[PDB]
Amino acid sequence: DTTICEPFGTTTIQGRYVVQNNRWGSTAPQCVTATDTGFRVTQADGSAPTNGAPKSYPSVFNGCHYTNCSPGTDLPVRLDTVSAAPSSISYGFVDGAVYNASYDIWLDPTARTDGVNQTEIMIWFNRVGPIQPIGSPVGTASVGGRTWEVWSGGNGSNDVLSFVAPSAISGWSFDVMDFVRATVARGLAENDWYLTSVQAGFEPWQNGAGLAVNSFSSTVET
């Protein structure tokens, strides 16, 4: 195991994914302990007001995020070359606290490895406490055999399309391309954009210690 407490500390697991503390919204300590297949949040101090940015997005990813590219990743890859993008996750939830468990999937018109990607897909596997996505609800969508409440808006940097589960999902395997297709169909990307990373983790606003990604996988096949 490897403990990371630096706000933007990272480590690689299984020689394939990056675990990031990614403490981008908080002045209080946070630590994650990386395992060979995921990570656990071992300290997550402080609170963030629940109508604003979360404290952080501790997560594991395949791809490139602010110059940090996971070992051997084939991302960025143009979407029209992707046959499938399977991913799977197992989450450990905490009772109480205020957080989501979410995927972040980033798309851009360029083969982007640094900076803000133009579109963000956020898939909320769980929601606890009085938090909601960026923007406005739109309606429901059926993606991957599951129903989602779709939200759309912008954060000032990028577009955000969110798919929110009706109740907690502790584990799933799915095709990221199913969500990319739904995003393209709403005009928030095009078939000749690039997939630049597939990330999974948590956005905590209050507490968060004990949250875990037990396992994660992501492949992008061309």
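Don't overthink the numbering: it's just position in the shown sequence, from 1.
J.: If you average the CA temperature factors over each stretch, which comes out higher, 161 to 169 or 50 to 58?
T.: The stretch with the larger mean CA B-factor is 50 to 58.
J.: Higher mean Cα B-factor in the deposited model: 130 to 138 or 101 to 109?
T.: Mean CA B-factor is higher for 130 to 138.
J.: At the C-alpha atoms, which of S70, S26, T37, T183 reaches the highest B-factor in this entry?
T.: If I rank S70, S26, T37, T183 by C-alpha B-factor, first place goes to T37.
J.: Pull the Cα B-factor of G9 out of the PDB entry and bin it into the chain's lowest, middle or highest third.
T.: It belongs to the middle third of the chain when residues are ordered by C-alpha B-factor.
J.: Quick check on the deposited entry: does the C-alpha B-factor of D114 sit in the lowest, middle or highest third of its chain?
T.: For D114, whose C-alpha B-factor we compare with every modelled residue in the chain, the answer is the middle third.
J.: Lowest, middle or highest third: where is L188 by Cα B-factor in its chain?
T.: Top third by C-alpha B-factor.
J.: With respect to C-alpha B-factor, does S87 fall in the lowest, middle or highest third of the chain as deposited?
T.: Answer is lowest: the recorded C-alpha B-factor places it there.
J.: Against its chain's modelled residues, does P76's Cα B factor rank lowest, middle or highest third?
T.: CA B-factor rank for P76: middle third.
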